[PDB]
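In structure tokens, one chain follows: the form deposited in one PDB entry.
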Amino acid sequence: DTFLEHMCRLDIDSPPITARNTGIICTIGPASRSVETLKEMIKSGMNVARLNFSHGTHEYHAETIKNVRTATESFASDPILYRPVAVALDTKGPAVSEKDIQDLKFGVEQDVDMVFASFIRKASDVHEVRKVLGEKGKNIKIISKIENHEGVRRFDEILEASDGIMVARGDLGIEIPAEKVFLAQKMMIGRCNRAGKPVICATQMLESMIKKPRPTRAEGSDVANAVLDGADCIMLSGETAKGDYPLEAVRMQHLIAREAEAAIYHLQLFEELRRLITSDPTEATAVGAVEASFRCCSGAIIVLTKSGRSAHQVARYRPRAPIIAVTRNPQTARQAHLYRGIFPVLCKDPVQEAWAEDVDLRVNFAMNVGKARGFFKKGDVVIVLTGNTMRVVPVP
């Protein structure tokens, strides 16, 4: 009923009985480059494979991308259990260096799902990046890395221009005093949550685990707090790129994140967002869905989406219940990992000629997915969204 009291009844004896809602982004390098390691990392919880173009050639990275996709499709046999895995391109940065311009285009042909643009100071910088990507890769999400003072002063215009934000504490603190950094992090996560755009907490997550099999406690709580701050994704850098224990870092990331979900006071964030008028049918539909979900404790909110946006709008209001976003578009299934609470699910079944049946096919597919992964059981109540349409149905 109150935040204080919610903190008071936190029980370490009760295990987390929810899936992880925070996305895990892993930087891939020498340590994690191999197909067999990537397999295990996906099994460990990796959602997005980051490529750092500060070093390496196009040939090198292209082989990394090939391995990532090879490993990912090893599980394609079971579509029910198949885990979509996004591919992110992180630019070297300085407006837009001559070198970046080629990496972005390389990104386009390599069909990357998103782009981490470095050292963004203003909206015009994001536009230039948008321009460079052009019509060809306009469906590639642009995530603006804030790494300096001006970027902070002009965060609002940057956020609107971008599809998402990355808080790079490492680069931030070189520029700004270390004691000011955590303030910037909380500010940006807040505004991104307010604006309903994905935010990523990045750099120096579990630096200790480069040489060690377990992390410190200052790192363990920092990750958890980032999740509690409202971050959509958490990122591992050197931990998975070069370290001795890349696989342990992911498994630890998973454990901490899943635990941190319990400490989340869902009532507050949802209710505060409600406090802050539309005319968009889909939006009003998403609102009703999230409201209903709290009132009947739904196992999940099943959403049929093509571009991902309808699921994104549901995630905006931050339901407790997991969002099962059903899509046949493999890119949107991969991009969905940027948003907290969305569990993307790729339907490989053939398009049924009868549209009503084809919709029912994708719904029941999600239903099977939910039961298998332990989201709900037969008899549980779930909400299904289709198109402007909300539906409260029992699980078959």
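We number the residues from 1 along the sequence you see.
Omitted here: the form deposited with a small molecule bound. The next part is about that form.
The candidate spot formed by 33, 238 and 246 lies out of contact with the small molecule in the bound PDB entry, as no residue has a heavy atom within 4.5 Å of it. For the options 105, 121, 83, 130, the residue carrying a heavy atom within 4.5 angstroms of the small molecule in the bound PDB entry is 83. The chain is drawn here without the small molecule; in the bound PDB entry, the stretch among 343-351, 33-41, 65-73, 364-372 whose residues come within 4.5 Å of it by any heavy atom is 343-351. When the small molecule is considered in the bound PDB entry, residue 322 lines it closely, a heavy atom lying within 4.5 Å.
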